[PDB]
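Participant: What follows is a structure written as structure tokens; I'll ask about it next.
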Amino acid sequence: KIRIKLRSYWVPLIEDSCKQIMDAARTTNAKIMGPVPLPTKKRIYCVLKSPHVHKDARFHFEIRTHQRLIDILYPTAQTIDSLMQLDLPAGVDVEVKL
Amino acid sequence: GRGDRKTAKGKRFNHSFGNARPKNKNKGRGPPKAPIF
Amino acid sequence: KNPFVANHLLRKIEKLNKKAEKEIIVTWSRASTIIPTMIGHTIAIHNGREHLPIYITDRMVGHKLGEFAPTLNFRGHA
Amino acid sequence: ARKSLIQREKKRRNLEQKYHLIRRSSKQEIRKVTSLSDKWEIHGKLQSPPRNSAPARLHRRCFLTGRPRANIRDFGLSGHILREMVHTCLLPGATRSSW
Amino acid sequence: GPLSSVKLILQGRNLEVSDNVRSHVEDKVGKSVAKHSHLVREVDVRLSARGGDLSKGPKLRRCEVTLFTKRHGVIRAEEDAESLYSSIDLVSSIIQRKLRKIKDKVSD
Amino acid sequence: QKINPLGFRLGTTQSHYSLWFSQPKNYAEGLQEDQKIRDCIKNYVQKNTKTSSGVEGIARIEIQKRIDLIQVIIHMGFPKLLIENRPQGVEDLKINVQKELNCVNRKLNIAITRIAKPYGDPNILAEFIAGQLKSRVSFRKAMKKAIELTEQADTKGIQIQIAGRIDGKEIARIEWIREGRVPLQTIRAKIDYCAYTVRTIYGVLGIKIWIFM
Amino acid sequence: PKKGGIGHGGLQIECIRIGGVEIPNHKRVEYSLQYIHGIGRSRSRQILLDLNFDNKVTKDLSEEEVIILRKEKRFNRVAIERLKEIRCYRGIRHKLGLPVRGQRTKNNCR
Amino acid sequence: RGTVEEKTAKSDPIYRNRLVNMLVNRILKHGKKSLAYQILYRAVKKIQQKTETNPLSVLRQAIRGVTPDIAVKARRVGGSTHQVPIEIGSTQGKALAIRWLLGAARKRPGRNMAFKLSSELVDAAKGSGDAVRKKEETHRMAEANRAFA
Amino acid sequence: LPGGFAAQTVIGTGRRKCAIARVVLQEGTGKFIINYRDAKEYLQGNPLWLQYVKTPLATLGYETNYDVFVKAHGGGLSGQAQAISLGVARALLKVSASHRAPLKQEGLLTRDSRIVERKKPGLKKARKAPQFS
RNA sequence: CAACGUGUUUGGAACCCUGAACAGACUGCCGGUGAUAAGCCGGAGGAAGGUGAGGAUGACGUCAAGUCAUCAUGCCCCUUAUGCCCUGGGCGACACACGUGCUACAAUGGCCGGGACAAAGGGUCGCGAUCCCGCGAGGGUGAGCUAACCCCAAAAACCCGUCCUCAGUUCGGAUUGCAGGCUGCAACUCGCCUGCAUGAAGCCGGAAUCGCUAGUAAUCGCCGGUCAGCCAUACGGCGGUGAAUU
């Protein structure tokens with residue numbers, strides 16, 4: 001009944017943070033929908049490289065927004081306290097929706 | 001051709017809308033030709 | 001859809017067209033319209049350096065003012 | 001840029017938030033012409049006396065240096081400064097992909 | 001290049017050009033490449049000056065002459081002398097050797 | 001010319017610093033917050049240790065945002081020099097850093113860590129050659145001094161480039177010395193570099209230190 | 001045939017042939033295939049004289065050959081009168097949708 | 001550079017012929033392959049309408065009369081330019097054959113490209129028109145200078 | 001056209017650049033269907049495209065023998081026809097694998113490296129460069 | 001993927017896709033050539049074969065190349081001014097010259113109608129679906145979407161019919177006039193776009209000159225950035241059709 005979203009710029013942090021959230025959620029309660037990787041919001045920027053006039057040879061860097069949807073079925077009180085027990089991940093943005 | 005802004009190919013090149021390149025083909029159209037027979 | 005008028009020019013209308021007729025009186029803000037209650041007044045349009053006296057006929061109605069005053073002093077042997 | 005122009009954008013922004021909602025919520029009522037069409041010309045006179053509070057006049061410079069041009073708006077920084085805040089591990093996620 | 005010759009293009013950088021300057025350009029360059037019979041397309045003569053009383057560094061007058069000729073390539077010569085006139089005469093000599101290099105290499 | 005190593009190796013073996021994950025307008029505002037924190041810490045320690053004797057050498061300022069709480073780690077090599085001995089150094093840091101973040105009054109933990117070996121960390125060693133070179137000491141004595149000073153403290157390979165206007169000159173030079181392998185191209189290799197600008201009296205100098213570890 | 005004042009088109013397809021007239025309206029050419037319901041694809045040959053009457057009336061209904069030349073040159077003697085920047089650039093034959101004239105203005109430089 | 005990797009050449013779409021597929025690639029202008037396809041098969045349905053033989057027979061018999069055996073390669077020795085003829089290969093003569101045939105087929109006016117390619121194609125089949133005359137004027141120039149090698 | 005299957009018994013996949021194609025290969029007659037149209041009306045007349053569809057079955061001479069109604073999207077029509085073709089090849093591999101030797105000897109089980117090269121900055125079309133004089 | 005008739009209603013994870021790990025391609029095997037070696041030529045297997053393709057990557061150094069108008073700064077100089085605020089102009093002038101692009105010069109064409117298939121992006125001060133008014137640009141109403149949901153968004157070249165089927169033309173669209181709309185205190189100098197009007201030059205280009213070795217060239221569209229709106233025919237990308245020659 002709950003959907004939590006994990007967005008980051010870093011794959012070992014969603015991998016390990018979603019790893020331990022799935023670990024705690026499985027070892028504290030019942031069957032829970034797995035982490036579905038929904039695709040990478042990735043976007044590119046072209047930076048004019050030299051300060052003055054060199055229009056060719058620029059620097060286009062790309063930022064990658066990884067994200068995983070992960071769904072827990074049944075709200076149990078010690079399971080809500082299990083998830084809210086873990087203020088663990090270092091930056092990974094977590095969201096809640098129905 | 002493509003600069004011919006009174007056409008459909010010209011408005012498609014210009015990224016604009018008028019008679020010849022319509023939004024919602026039900027709505028908005030120039031006069032209709034009647035070759036008939 | 002609405003004619004644009006600089007408000008000090010509107011106060012020039014409300015000062016001369018209410019009391020009494022007058023003369024060369026200066027304006028800035030070139031972008032104003034004609035406003036046919038201005039006909040017969042002479043408007044001083046800024047041209048980059050000075051203000052020009054331009055008499056306003058009723059034929060000049062329906063435009064903006066700096067079409068009447070050129071800004072480039074191109075005499076020209078280019 | 002120069003030291004003056006950053007504070008030009010600063011004091012112009014103070015005039016934005018000074019009566020932003022007041023004057024442009026007034027314009028929310030002017031353009032509503034269901035009641036009348038011909039009148040309110042003078043009321044453009046009341047539209048007039050905000051001058052530097054026109055949001056058309058408000059730029060967005062690079063906050064770290066101040067180049068008015070090539071400001072990638074999603075970062076707030078300029079062109080050339082954005083390299084050395086990618087190349088110094090400072091921007092998160094800037095993985096310099098060359099796909 | 002008064003008539004019939006290659007198309008002249010001047011560049012004046014840090015230098016207000018006069019009658020005697022570009023007159024000396026077309027007469028020395030043009031009248032020393034007047035015995036040419038060359039249909040060279042374009043001559044770019046870029047005549048900049050620098051230093052001395054103008055700024056830091058010695059008094060310099062530096063000319064580059066570039067010829068975009070049909071006849072086997074493009075050529076350019078940059079010389080830097082104490083005067084404009086010594087610059088343009090010296091580049092005039094260099095481009096005499098480069099054009100005799102081109103004409104003389106068309107042989108047999 | 002050449003790409004710089006900390007930019008080039010960002011996918012692997014080098015991690016970012018400002019480690020907080022956000023949305024575009026909030027990305028620009030979070031970058032505001034990051035830059036003012038690094039400003040307050042840098043200007044803070046520069047003032048309160050400029051009155052003090054030696055150089056500090058703050059290498060990294062990592063800023064992390066788990067919850068509405070901001071972990072700030074400061075990686076200097078000589079951390080005993082900072083504090084006013086009960087903890088009052090980091091307390092007053094926490095005061096002046098709280099001065100410019102209290103939009104949402106969220107707590108922040110300023111910590112401080114030790115560099116493992118401070119000569120092997122190119123920002124600190126670049127600060128040392130910056131300090132001695134800002135004093136009237138030649139390029140050679142100070143630069144070789146940095147090299148043997150480094151190799152006593154366990155570094156695999158090193159490259160030092162010092163830019164123009166060395167002791168008395170009006171023509172700029174570049175002077176670089178290398179020892180061991182410094183493969184700038186090998187992506188696995190983990191080279192850490194620094195690029196410090198020394199603001200001297202007769203000009204500006206540029207020091208650029210690559211360290212292959 | 002011959003149409004209103006003096007002007008007329010060839011012996012070609014009817015819509016195109018009305019296009020050959022001096023100054024008709026092409027959307028109202030298309031309307032003149034719709035109000036009259038004239039067969040456009042058929043040529044100017046094979047046209048009943050009632051269709052020619054309807055054409056001459058509907059072409060009297062809008063301004064045409066000499067009339068628009070008259071009114072546009074009335075806006076040209078207007079464009080001698082009142083000293084405008086359009087008028088000043090027609091004393092000197094420039095372009096008044098305003099191209100950058102530092103290069104290449106040869107609809108009027110000739 | 002050394003060489004080109006060998007070749008891959010497929011046959012005709014509907015007749016299974018390696019020549020006619022070469023011709024449909026040569027009539028192609030900027031990717032419109034269905035239209036060049038259309039022009040060629042309208043030319044074949046035109047050639048069934050003109051005479052009553054195999055279009056492979058009138059096509060191959062046409063391009064035999066366009067293909068040269070020798071051509072001018074204006075070569076140089078010591079700075080001296082000889083107009084010496086060198087014997088051209090076979091498939092090279094195919095490509096030149098439908099080259100002159102096709103470009104000369106883009107000159108004869110009057111009607112659509114089916115009639116144009118048909119008319120210059122039968123002119124190649126009868127020794128008239130312009131493609132086989134182009135064969136002659138590129139053939140009577142290498143014949144004119146056999147005093148070189 | 002109706003008459004569904006709703007299963008994945010003997011499937012085949014294929015993909016040219018942006019054009020994917022999944023096929024199911026039923027032992028039938030030959031009135032075969034791209035997504036819900038005939039092959040002629042979807043492959044838009046008879047270019048080479050329809051012939052690339054007819055190529056792997058005519059390799060084994062199994063034109064009457066099967067009926068391959070196709071589900072496909074992505075890409076444009078030629079590459080969608082090619083992905084149909086290699087879908088037929090990988091489908092025929094997954095019925096009667098002893099057809100490996102005729103199919104692989106021709107270029108039917110392979111895949112071209114058809115991919116649009118990206119624009120390279122300072123160029124115009126990944127090879128096209130602006131001229132200079 | 002499937003059903004119900006135009007949902008979150010049912011199943012399935014079987015295809016596709018998303019996205020983490022793994023594997024794979026390394027002259028590994030075979031034959032033949034080569035001082036036995038490096039390799040070289042071929043063959044099998046394999047999705048892919050000899051850097052698989054593209055990118056990022058750019059040594060010591062050169063041009064005392066460019067940048068003191070990104071930023072920092074030696075020295076020098078101005079300081080009731082070489083500083084600062086505000087309104088109007090200007091960077092948009094125009095006898096010419098040089099360069100890069102777009103449109104073309106037509107029947108492989110142009111128009112109309114009806115059909116067909118993409119990718120990648122962007123968007124809560126927004127994107128804006130639906131309905132109505134208007135020939136239209138547009139106006140109102142604003143459901144849905146913080147984005148694999150919704151919207152921008154119609155893809156276009158392409159296919160099937162109608163016409164012109166050789167003309168300065170139903171090619172081409174320049175320039176100008178009248179009438180509008182939008183953005184924004186404000187659109188004259190100097191914004192875009194709609195409706196009508198005109199229909200310039202231009203029948204494939206001298207001398208010379210440039211790009212490209214394959215999903216490339218050519219060709220057809222779509223998106224983004226900056227951005228109130230735009231001068232964008234540019235730039236950064238993304239697909240579609242798709243060659244010839246070495």
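Labels used: A, B, ... for chains in the order of the structure tokens, numbers from 1 for residues in each chain, and numbers from 1 for ligands as shown.
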Residues of chain G within 10 Å of chain B, counting only C-alpha atoms - could you list those as a PyMOL selection string?
Facilitator: chain G and resi 15+26-34+37-42
Participant: Excluding region 35-41 of chain C and residues on its chain fewer than 6 positions from it, collect all residues at most 6 Å away from it, counting only C-alpha atoms (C1' of nucleotides), and give them as a list in words.
Facilitator: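 My list of contacting residues is residues 56, 57 and 58 of chain C.
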Participant: Can I get the selection written as an mmCIF file, in the first residue's frame, with C-alpha atoms?
Facilitator:
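result33.cif, freshly written:
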data_model
loop_
_atom_site.group_PDB
_atom_site.id
_atom_site.type_symbol
_atom_site.label_atom_id
_atom_site.label_comp_id
_atom_site.auth_asym_id
_atom_site.auth_seq_id
_atom_site.Cartn_x
_atom_site.Cartn_y
_atom_site.Cartn_z
ATOM 1 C CA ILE C 56 1.006 67.186 -35.601
ATOM 2 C CA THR C 57 -1.575 67.075 -38.357
ATOM 3 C CA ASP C 58 -4.736 65.012 -38.405
#
Participant: Residues of chain D were defined as contacting chain A if any atom lay at most 8 Å from it, counting only C-alpha atoms; please report them as a PyMOL selection string.
Facilitator: chain D and resi 79-80+82-83+92-98
Participant: So that I have them on file, write out the residues from the current selection with N, CA and C atoms, as a compact mmCIF listing (two decimals), in the first residue's frame.
Facilitator:
# COMPACT_ATOMS: atom_id res chain seq x y z
N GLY D 79 29.24 29.81 -17.99
CA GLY D 79 29.85 28.78 -18.80
C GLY D 79 31.14 28.26 -18.20
N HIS D 80 32.16 29.12 -18.12
CA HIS D 80 33.51 28.63 -17.83
C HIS D 80 33.69 28.24 -16.37
N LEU D 82 31.53 26.68 -14.62
CA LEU D 82 30.87 25.41 -14.47
C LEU D 82 31.80 24.24 -14.74
N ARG D 83 32.87 24.45 -15.52
CA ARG D 83 33.87 23.41 -15.68
C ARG D 83 34.60 23.15 -14.38
N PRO D 92 27.49 17.56 -7.67
CA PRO D 92 27.11 16.15 -7.62
C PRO D 92 26.54 15.69 -8.94
N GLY D 93 26.86 14.45 -9.30
CA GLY D 93 26.26 13.80 -10.44
C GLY D 93 26.83 14.19 -11.79
N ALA D 94 27.77 15.13 -11.84
CA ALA D 94 28.31 15.60 -13.12
C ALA D 94 29.34 14.59 -13.61
N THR D 95 28.83 13.52 -14.22
CA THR D 95 29.64 12.36 -14.56
C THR D 95 30.30 12.46 -15.92
N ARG D 96 30.37 13.68 -16.49
CA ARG D 96 31.01 14.07 -17.76
C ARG D 96 30.84 13.09 -18.92
N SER D 97 29.64 12.52 -19.05
CA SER D 97 29.40 11.44 -19.98
C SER D 97 29.57 11.88 -21.43
N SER D 98 30.22 11.03 -22.20
CA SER D 98 30.56 11.30 -23.58
C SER D 98 30.10 10.15 -24.44
Participant: So which residues touch residue 50 (chain C) within 12 Å, counting only C-alpha atoms (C1' of nucleotides), skipping near sequence neighbours fewer than 3 positions away, as an NGL selection string?
Facilitator: (:C and (26-28 or 44-47 or 53 or 69-71)) or (:J and (88-89))
Participant: Can you write out the residues you just picked, keeping N, CA, C and O atoms (P, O5', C5', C4', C3', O3' and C1' of nucleotides), as a PDB file, in the first residue's frame?
Facilitator:
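See selection-v6.pdb below for the written result:
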ATOM      1  N   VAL C  26       8.439  70.065 -24.628  1.00  0.00           N
ATOM      2  CA  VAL C  26       9.367  68.947 -24.799  1.00  0.00           C
ATOM      3  C   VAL C  26       8.774  67.672 -24.219  1.00  0.00           C
ATOM      4  O   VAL C  26       8.116  67.704 -23.174  1.00  0.00           O
ATOM      5  N   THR C  27       9.001  66.536 -24.887  1.00  0.00           N
ATOM      6  CA  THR C  27       8.807  65.241 -24.254  1.00  0.00           C
ATOM      7  C   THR C  27       9.993  64.325 -24.503  1.00  0.00           C
ATOM      8  O   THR C  27      10.753  64.484 -25.463  1.00  0.00           O
ATOM      9  N   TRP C  28      10.169  63.410 -23.567  1.00  0.00           N
ATOM     10  CA  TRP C  28      10.922  62.178 -23.728  1.00  0.00           C
ATOM     11  C   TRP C  28       9.913  61.101 -24.119  1.00  0.00           C
ATOM     12  O   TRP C  28       8.801  61.432 -24.541  1.00  0.00           O
ATOM     13  N   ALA C  44       7.915  67.876 -29.255  1.00  0.00           N
ATOM     14  CA  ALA C  44       9.365  67.832 -29.392  1.00  0.00           C
ATOM     15  C   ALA C  44       9.833  66.410 -29.109  1.00  0.00           C
ATOM     16  O   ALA C  44       9.903  65.980 -27.956  1.00  0.00           O
ATOM     17  N   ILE C  45      10.164  65.689 -30.168  1.00  0.00           N
ATOM     18  CA  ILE C  45      10.539  64.287 -30.079  1.00  0.00           C
ATOM     19  C   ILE C  45      12.041  64.188 -29.892  1.00  0.00           C
ATOM     20  O   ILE C  45      12.807  64.825 -30.618  1.00  0.00           O
ATOM     21  N   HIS C  46      12.468  63.395 -28.921  1.00  0.00           N
ATOM     22  CA  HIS C  46      13.892  63.203 -28.729  1.00  0.00           C
ATOM     23  C   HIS C  46      14.444  62.290 -29.807  1.00  0.00           C
ATOM     24  O   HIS C  46      13.850  61.259 -30.129  1.00  0.00           O
ATOM     25  N   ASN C  47      15.568  62.699 -30.399  1.00  0.00           N
ATOM     26  CA  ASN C  47      16.153  62.012 -31.544  1.00  0.00           C
ATOM     27  C   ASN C  47      17.537  61.455 -31.248  1.00  0.00           C
ATOM     28  O   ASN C  47      18.319  61.235 -32.173  1.00  0.00           O
ATOM     29  N   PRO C  53      10.963  69.897 -32.932  1.00  0.00           N
ATOM     30  CA  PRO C  53       9.568  70.333 -33.044  1.00  0.00           C
ATOM     31  C   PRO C  53       8.915  69.727 -34.278  1.00  0.00           C
ATOM     32  O   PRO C  53       9.318  69.997 -35.412  1.00  0.00           O
ATOM     33  N   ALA C  69      10.559  61.180 -36.368  1.00  0.00           N
ATOM     34  CA  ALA C  69      11.869  61.762 -36.100  1.00  0.00           C
ATOM     35  C   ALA C  69      12.960  60.741 -36.366  1.00  0.00           C
ATOM     36  O   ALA C  69      13.063  59.749 -35.628  1.00  0.00           O
ATOM     37  N   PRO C  70      13.781  60.923 -37.392  1.00  0.00           N
ATOM     38  CA  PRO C  70      14.864  59.978 -37.640  1.00  0.00           C
ATOM     39  C   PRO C  70      15.961  60.166 -36.617  1.00  0.00           C
ATOM     40  O   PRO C  70      16.113  61.228 -36.013  1.00  0.00           O
ATOM     41  N   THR C  71      16.731  59.103 -36.428  1.00  0.00           N
ATOM     42  CA  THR C  71      17.716  59.059 -35.369  1.00  0.00           C
ATOM     43  C   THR C  71      19.135  59.045 -35.902  1.00  0.00           C
ATOM     44  O   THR C  71      20.062  59.433 -35.188  1.00  0.00           O
TER      45      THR C  71
ATOM     46  P     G J  88      12.919  55.316 -21.937  1.00  0.00           P
ATOM     47  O5'   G J  88      13.138  56.453 -23.016  1.00  0.00           O
ATOM     48  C5'   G J  88      13.485  56.098 -24.335  1.00  0.00           C
ATOM     49  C4'   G J  88      14.230  57.191 -25.048  1.00  0.00           C
ATOM     50  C3'   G J  88      15.118  56.709 -26.164  1.00  0.00           C
ATOM     51  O3'   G J  88      14.374  56.490 -27.334  1.00  0.00           O
ATOM     52  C1'   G J  88      16.284  58.280 -24.847  1.00  0.00           C
ATOM     53  P     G J  89      14.569  55.129 -28.131  1.00  0.00           P
ATOM     54  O5'   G J  89      15.285  55.616 -29.454  1.00  0.00           O
ATOM     55  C5'   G J  89      16.419  54.935 -29.938  1.00  0.00           C
ATOM     56  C4'   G J  89      17.598  55.850 -30.089  1.00  0.00           C
ATOM     57  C3'   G J  89      18.831  55.156 -30.608  1.00  0.00           C
ATOM     58  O3'   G J  89      18.829  55.086 -32.012  1.00  0.00           O
ATOM     59  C1'   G J  89      19.388  56.478 -28.733  1.00  0.00           C
TER      60        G J  89
END
Participant: Please list as a ChimeraX atom specification every residue within 8 Å of residue 6 (chain B), counting only C-alpha atoms (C1' of nucleotides) and excluding residues in the same chain fewer than 4 positions away.
Facilitator: /B:10-11,20
Participant: Could you dump the residues just selected with N, CA, C and O atoms as a compact mmCIF listing (two decimals), in the first residue's frame?
Facilitator:
# COMPACT_ATOMS: atom_id res chain seq x y z
N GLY B 10 5.94 25.57 -45.88
CA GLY B 10 6.61 26.74 -45.36
C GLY B 10 6.34 26.98 -43.88
O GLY B 10 7.24 27.36 -43.13
N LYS B 11 5.11 26.75 -43.44
CA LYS B 11 4.82 26.90 -42.02
C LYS B 11 5.40 25.75 -41.21
O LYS B 11 5.76 25.94 -40.04
N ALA B 20 -2.80 26.55 -43.53
CA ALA B 20 -2.39 25.37 -44.29
C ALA B 20 -1.80 24.27 -43.42
O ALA B 20 -1.80 23.11 -43.84
Participant: Can you list, as a list in words, every protein, DNA or RNA residue that comes within 12 Å of residue 100 (chain E) when you count only C-alpha atoms (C1' of nucleotides), leaving out same-chain residues fewer than 5 positions away?
Facilitator: residues 33, 35, 36, 37, 38, 71, 93, 94, 95, 105, 106 and 107 of chain E
Participant: Run DSSP on the backbone and tell me which residues of region 21-144 of chain H come out as helix (DSSP H, G or I); list them as number ranges by chain.
Facilitator: H: 21-26, 33-50, 55-64, 90-105, 113-126, 131-137
Participant: May I have the residues of chain J within 10 Å of chain E, counting only C-alpha atoms (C1' of nucleotides), written as a list in words?
Facilitator: residues 97, 98, 207, 208 and 209 of chain J
Participant: Counting only C-alpha atoms (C1' of nucleotides), give me one row per residue of chain F with an atom at most 10 Å from an atom of chain J, showing the shortest contact pair and its distance in Å to one decimal, sorted by chain then residue number, as CSV.
Facilitator:
residue,atom,partner,partner_atom,distance
F:1,CA,J:58,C1',6.9
F:2,CA,J:58,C1',6.6
F:3,CA,J:57,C1',8.4
F:8,CA,J:57,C1',9.0
F:23,CA,J:146,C1',9.4
F:165,CA,J:74,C1',9.9
F:171,CA,J:64,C1',8.7
F:172,CA,J:64,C1',9.7
F:185,CA,J:57,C1',7.7
F:197,CA,J:72,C1',8.7
F:199,CA,J:73,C1',7.5
F:200,CA,J:74,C1',8.4
F:201,CA,J:74,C1',6.9
F:202,CA,J:74,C1',5.1
F:203,CA,J:74,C1',4.0
F:204,CA,J:73,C1',6.1
F:205,CA,J:73,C1',9.6
Participant: Take the selection from the previous step and output its residues with N, CA and C atoms, as a CSV table (one decimal), in the first residue's frame.
Facilitator:
chain,number,residue,atom,x,y,z
F,1,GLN,N,44.4,22.4,-22.9
F,1,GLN,CA,45.5,21.5,-23.3
F,1,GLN,C,45.2,20.1,-22.8
F,2,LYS,N,45.6,19.8,-21.5
F,2,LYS,CA,45.4,18.5,-20.9
F,2,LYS,C,44.3,18.6,-19.9
F,3,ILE,N,43.5,17.5,-19.9
F,3,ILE,CA,42.4,17.5,-18.9
F,3,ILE,C,42.9,17.3,-17.5
F,8,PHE,N,38.5,14.1,-14.7
F,8,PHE,CA,38.5,13.0,-15.6
F,8,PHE,C,38.1,11.7,-15.0
F,23,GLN,N,16.7,18.5,-6.9
F,23,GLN,CA,15.9,18.9,-8.0
F,23,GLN,C,16.3,20.3,-8.5
F,165,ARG,N,57.0,33.5,-13.6
F,165,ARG,CA,57.6,34.5,-12.7
F,165,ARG,C,58.3,34.0,-11.5
F,171,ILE,N,60.2,37.2,-17.7
F,171,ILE,CA,59.7,36.3,-18.7
F,171,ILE,C,59.2,35.0,-17.9
F,172,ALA,N,57.9,34.7,-18.2
F,172,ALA,CA,57.4,33.5,-17.5
F,172,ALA,C,58.0,32.2,-17.9
F,185,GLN,N,46.9,9.1,-17.8
F,185,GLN,CA,45.9,8.6,-18.7
F,185,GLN,C,45.2,7.4,-18.1
F,197,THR,N,47.0,28.8,-6.5
F,197,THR,CA,47.6,30.0,-7.1
F,197,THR,C,48.2,30.8,-5.9
F,199,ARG,N,49.8,34.2,-4.6
F,199,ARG,CA,49.6,35.6,-4.9
F,199,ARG,C,50.8,36.3,-4.3
F,200,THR,N,51.9,36.4,-5.1
F,200,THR,CA,53.1,37.0,-4.6
F,200,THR,C,53.1,38.5,-4.7
F,201,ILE,N,54.3,39.1,-4.4
F,201,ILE,CA,54.4,40.6,-4.5
F,201,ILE,C,54.7,41.0,-5.9
F,202,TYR,N,55.7,40.3,-6.6
F,202,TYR,CA,56.0,40.8,-8.0
F,202,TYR,C,55.2,40.0,-9.0
F,203,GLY,N,54.1,39.4,-8.6
F,203,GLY,CA,53.2,38.8,-9.7
F,203,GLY,C,52.4,37.7,-9.0
F,204,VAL,N,51.9,36.8,-9.9
F,204,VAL,CA,51.1,35.7,-9.5
F,204,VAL,C,51.8,34.4,-10.0
F,205,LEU,N,51.9,33.4,-9.1
F,205,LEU,CA,52.5,32.1,-9.4
F,205,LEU,C,51.4,31.0,-9.4
Participant: Show me, as a VMD selection string, every residue of chain I with an atom at most 8 Å from chain J, counting only C-alpha atoms (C1' of nucleotides).
Facilitator: chain I and resid 6 to 8 11 13 18 22 42 44 to 45 73 to 77 110 to 111 113 to 119 121 127 to 133
Participant: If we count only C-alpha atoms (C1' of nucleotides), what is near residue 2 (chain G) at a cut-off of 10 Å, once residues fewer than 6 positions away on the same chain are taken out, given as a PyMOL selection string?
Facilitator: chain G and resi 8-10+21+52+56
Participant: Taking C-alpha atoms for each residue, export the selection above as an mmCIF file, in the first residue's frame.
Facilitator:
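Final output, saved to selection-v9.cif:
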data_model
loop_
_atom_site.group_PDB
_atom_site.id
_atom_site.type_symbol
_atom_site.label_atom_id
_atom_site.label_comp_id
_atom_site.auth_asym_id
_atom_site.auth_seq_id
_atom_site.Cartn_x
_atom_site.Cartn_y
_atom_site.Cartn_z
ATOM 1 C CA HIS G 8 -7.576 38.584 -68.347
ATOM 2 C CA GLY G 9 -5.796 35.259 -68.180
ATOM 3 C CA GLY G 10 -4.832 32.607 -70.685
ATOM 4 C CA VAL G 21 -5.829 38.207 -63.418
ATOM 5 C CA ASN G 52 -18.995 34.289 -66.828
ATOM 6 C CA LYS G 56 -17.747 39.269 -63.478
#
